[PDB]
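*Asks:* these are from a larger complex, still in place; more later:
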Amino acid sequence: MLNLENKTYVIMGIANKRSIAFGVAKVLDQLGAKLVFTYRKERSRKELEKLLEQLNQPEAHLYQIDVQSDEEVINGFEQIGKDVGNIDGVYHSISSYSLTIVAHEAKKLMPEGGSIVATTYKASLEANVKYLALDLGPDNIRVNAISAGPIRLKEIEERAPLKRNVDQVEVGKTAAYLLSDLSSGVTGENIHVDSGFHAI
């Protein structure tokens, strides 16, 4: 059914056509979701512009955010803030928090609430996903971590129980479980979209 379109998400994290975060765009384009992107380099917008039709229709609300810049992400979101509206949720990508930040700037457009999904892909963990889950919970806000095996290695293929490995687009889809309503009871959580490897 459920949980989809018109709703707004800002995939911050795309480097090019193989970025997990294009997976997430891609899937998310597809369910009807309006969608925002941010960007580190001047130019990867060189690319992201091409990156489309694909059906999210302008601009698309590219904004460039470098993410170690308190003050960049700030008129980053303030920028967007005033541009789109407020937002349905965010897709985040040593060692990191920029998320803490990303996230407390993000809070203040999601006023009815939302969701935030951030993707590791040793020895991050996985745990101001918990904290920040504490925090905005009361705000009716969800913070969850997807943590992806590798795409695209050859020990997993043998020891990971699904006898293969993942890609972007299946990471895309756990992402939209996470962004979706299907998951409304859920937070402070981390999903391994890693074929099972994490089991062993």
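*Replies:* Cool, got the structure. Numbering: from 1, shown residues only, chains lettered A, B, ... in the order given.
*Asks:* which residues in chain A form helices?
*Replies:* Secondary structure of chain A, counting by DSSP state H: helices at A:20-30, A:44-50, A:70-84, A:99-106, A:128-136, A:156-159, A:168-179.
*Asks:* buried set for the shortest one?
*Replies:* Pointing back at helix A:156-159 there. For helix A:156-159, a neighbour-count test (16 or more other CB atoms under 10 Å) marks residue A:156 as buried. Where C-beta positions appear, they are placed from N, C-alpha and C, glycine not excepted.
*Asks:* dump the helices of chain A to TSV, plus distance to residue A:199.
*Replies:* Compiled in TSV, those are given as follows (distance: least, CB to CB, whole Å):
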stretch	distance to residue A:199
helix A:20-30	21
helix A:44-50	35
helix A:70-84	36
helix A:99-106	26
helix A:128-136	20
helix A:156-159	10
helix A:168-179	16
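*Asks:* what is the neighbour count of residue A:188?
*Replies:* 16 (other CB atoms under 10 Å).
*Asks:* so it versus residue A:65, what's the distance?
*Replies:* Separation of residue A:188 from residue A:65 (CB to CB, to the nearest Å): 25 Å.
*Asks:* show me which positions of stretch A:130-139 end up buried.
*Replies:* Quick answer for stretch A:130-139 (16+ other CB under 10 Å): A:130, A:132-133, A:135-136.
*Asks:* could those go into a markdown table alongside distance to residue A:161?
*Replies:* Output for those, formatted as a markdown table (distance: CB to CB, whole Å):
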| residue | distance to residue A:161 |
| --- | --- |
| A:130 | 27 |
| A:132 | 31 |
| A:133 | 28 |
| A:135 | 35 |
| A:136 | 35 |
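*Asks:* report the beta-bridge partner residues of the residue most central in space within chain A.
*Replies:* By CA atoms, centre = their mean, the mean C-alpha position of chain A lies nearest to residue A:91, the distance being 1.8 Å. For residue A:91, the beta-bridge partners under DSSP bridges are residue A:11, residue A:117.
*Asks:* so what's it up against?
*Replies:* A:9-13, A:21, A:24, A:116-119, A:175, A:179 (CB atoms under 8 Å, 6 or more residues apart in numbering).
*Asks:* look up how far residue A:5 lies from the residue lying closest to residue A:113 once chain neighbours are set aside.
*Replies:* Of all residues not flanking residue A:113 in the chain, residue A:140 sits nearest, at 3.6 Å (CB to CB, 6 or more residues apart in numbering). As judged by CB to CB, residue A:140 and residue A:5 stand 20 Å apart.
*Asks:* following sequence is chain B, place it on the structure:
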Amino acid sequence: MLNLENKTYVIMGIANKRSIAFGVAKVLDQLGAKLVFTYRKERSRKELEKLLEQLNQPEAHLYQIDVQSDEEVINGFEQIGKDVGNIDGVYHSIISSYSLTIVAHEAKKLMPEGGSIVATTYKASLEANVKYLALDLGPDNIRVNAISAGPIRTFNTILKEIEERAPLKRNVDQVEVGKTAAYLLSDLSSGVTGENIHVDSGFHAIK
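*Replies:* One more chain to add, chain B, which I have set with the ones above:
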């Protein structure tokens, strides 16, 4: 538009309008899935083929299954084999990880192209089979993942802590657990196996 309706699943452990598992059928019923039940004491029949006001229309396929004897799990699942014939996964709800294991292996037979199995609870080592059995069937492409429902109505003080200290300041219900489980049997869980999902308002991340 999307993912995988059409498909057929055994849900296993509905006692009434309120058994977590029920929400698993409801929601499921709701996505066009096709649905089989099992049921332990069939005064759980007594409700169950009530109404069904579902959209599942046969039949149901209720099956009596006494989850502690191997031989009518063994028979359950063949009977099932003859009737509708063949499957997409199993929502297993309701120590008794034997059920899971032995459930888990015969469900295997119904699945020649693979699938998905979900087991619910409400200590973790559910999480500890979900995970051995996730290796065991993984080579036959079947995922298996646990879910773990925090409490709803079915304790009283423990009821209320979680409203004041679940992040989300409240609690979950059967259709919240139902929704997620749909994510599990689903293809959108496509890459996931031997995982545990707290549908717990947050409460898994504190003190």
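*Asks:* with chain B now part of the structure, what is the answer for the buried residues of stretch A:130-139?
*Replies:* For stretch A:130-139, the neighbour count (16 or more other CB atoms under 10 Å in any protein chain shown) marks A:130, A:132-137, A:139 as buried.
*Asks:* same check on stretch A:122-130?
*Replies:* Neighbour-count burial for stretch A:122-130 flags A:128-130 (criterion: 16+ other CB under 10 Å).
*Asks:* give the contact list for the residue nearest to residue A:199 when sequence neighbours are not counted.
*Replies:* With sequence-adjacent residues excluded and distances taken as CB to CB, 6 or more residues apart in numbering or on different chains, residue A:199 is closest to residue B:194, at 4.0 Å. By CB atoms under 8 Å, 6 or more residues apart in numbering or on different chains, the residues touching residue B:194 are A:161, A:196, A:198-199, B:130-131, B:133-135, B:138, B:143-145.
*Asks:* try 7 Å this time
*Replies:* By CB atoms under 7 Å, 6 or more residues apart in numbering or on different chains, residue B:194 lies in contact with A:161, A:196, A:199, B:130-131, B:134-135, B:144-145.
*Asks:* closest to chain B out of the buried residues of stretch A:130-139?
*Replies:* Chain B lies nearest to residue A:137 out of the buried residues of stretch A:130-139, by CB to the nearest CB, at 2.5 Å.
*Asks:* could you measure from the residue lying farthest from the centre of chain A over to chain B?
*Replies:* Residue farthest from the centre of chain A, counting by CA atoms, centre = their mean, is residue A:158 at 29.0 Å. In this view, residue A:158 and chain B are 10 Å apart by CB to the nearest CB, to the nearest Å.
*Asks:* also residue A:122?
*Replies:* On the measure of CB to the nearest CB, residue A:122 and chain B end up 20 Å apart.
*Asks:* over to residue A:106?
*Replies:* 16 Å.
*Asks:* state the pair within the contacts of residue B:194 that is farthest apart.
*Replies:* B:135 and B:145 (12.6 Å; CB to CB).
*Asks:* what's the offset of stretch A:6-13 from the middle of its chain?
*Replies:* 8 Å (CA atoms, centre = their mean, to the nearest Å).
*Asks:* restricting to C-alpha, output that stretch in PDB.
*Replies:* What follows is stretch A:6-13, C-alpha atoms only, in PDB (Å, rounded to 0.1, in the frame of the first residue of the first chain):
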ATOM      1  CA  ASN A   6       4.700  13.400  -2.100                       C
ATOM      2  CA  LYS A   7       6.500  12.900   1.100                       C
ATOM      3  CA  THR A   8       9.800  14.500   1.100                       C
ATOM      4  CA  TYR A   9      13.300  13.100   1.600                       C
ATOM      5  CA  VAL A  10      16.700  14.600   1.100                       C
ATOM      6  CA  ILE A  11      19.200  12.000   0.000                       C
ATOM      7  CA  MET A  12      22.100  13.500   1.100                       C
ATOM      8  CA  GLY A  13      25.000  11.200   0.000                       C
END
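*Asks:* chain C follows; place it on the structure:
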Amino acid sequence: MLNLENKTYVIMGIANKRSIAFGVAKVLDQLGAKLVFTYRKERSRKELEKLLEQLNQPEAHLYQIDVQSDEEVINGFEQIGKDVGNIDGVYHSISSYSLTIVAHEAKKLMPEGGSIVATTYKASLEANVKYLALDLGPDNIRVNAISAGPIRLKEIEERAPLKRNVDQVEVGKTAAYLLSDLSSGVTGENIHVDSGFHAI
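*Replies:* Alright, chain C goes in next:
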């Protein structure tokens, strides 16, 4: 210097001469520590009796405790309780807690305080070591987990950075860091006496 003798510990966990928990006895005999043992089977006291000189001198305060028996460990400790005195700390050994229990029965002879050390040796964790650490903390009580690689395999030997693996007696000694005062600031903690393997 420090942290040693006369102080009383009850190595619950010895099955025979190769039990980690004999390691701990062994080491602990050696620093001057008075020492108590418990036992599952009738008979492993068959063995433990032999298990000695070795210098802890009577009885030694064997008591048999089966550890899924609320009421066994109770006159288990009540038994000892009245026999030795109160105690300096405990050495504990699906999936377990008996420790929770072990531990809240143990509390009430350690009144000035102590320490409790419990040893796992996938997918235990490691975490009512935390809780129970919460609990008795205020009681000036320490709860810590040692988690041992294998003794006595041949993938560790290659991938564990110390290019070998452990034994009992080195597990013995982390144990007496844990039982010792050297560690007085420490609790809710877990030490891998696993050659490094846990790193990788």
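*Asks:* and the buried residues of stretch A:130-139, now that chain C is part of it?
*Replies:* Using 16+ other CB under 10 Å as the test for burial, stretch A:130-139 gives A:130, A:132-137, A:139.
*Asks:* is chain C contacted by it?
*Replies:* No - using CB under 7 Å from any CB of the partner chain, stretch A:130-139 never reaches chain C; the gap is at least 13.9 Å.
*Asks:* now do stretch A:147-166
*Replies:* No - using CB under 7 Å from any CB, we find that stretch A:147-166 stays clear of chain C, coming within 12.4 Å at best.
*Asks:* measure residue A:152 to chain C for me?
*Replies:* From residue A:152 to chain C the distance is 23 Å (CB to the nearest CB).
*Asks:* now residue A:62
*Replies:* According to CB to the nearest CB, residue A:62 stands 40 Å off from chain C.
*Asks:* then residue A:82?
*Replies:* 45 Å.
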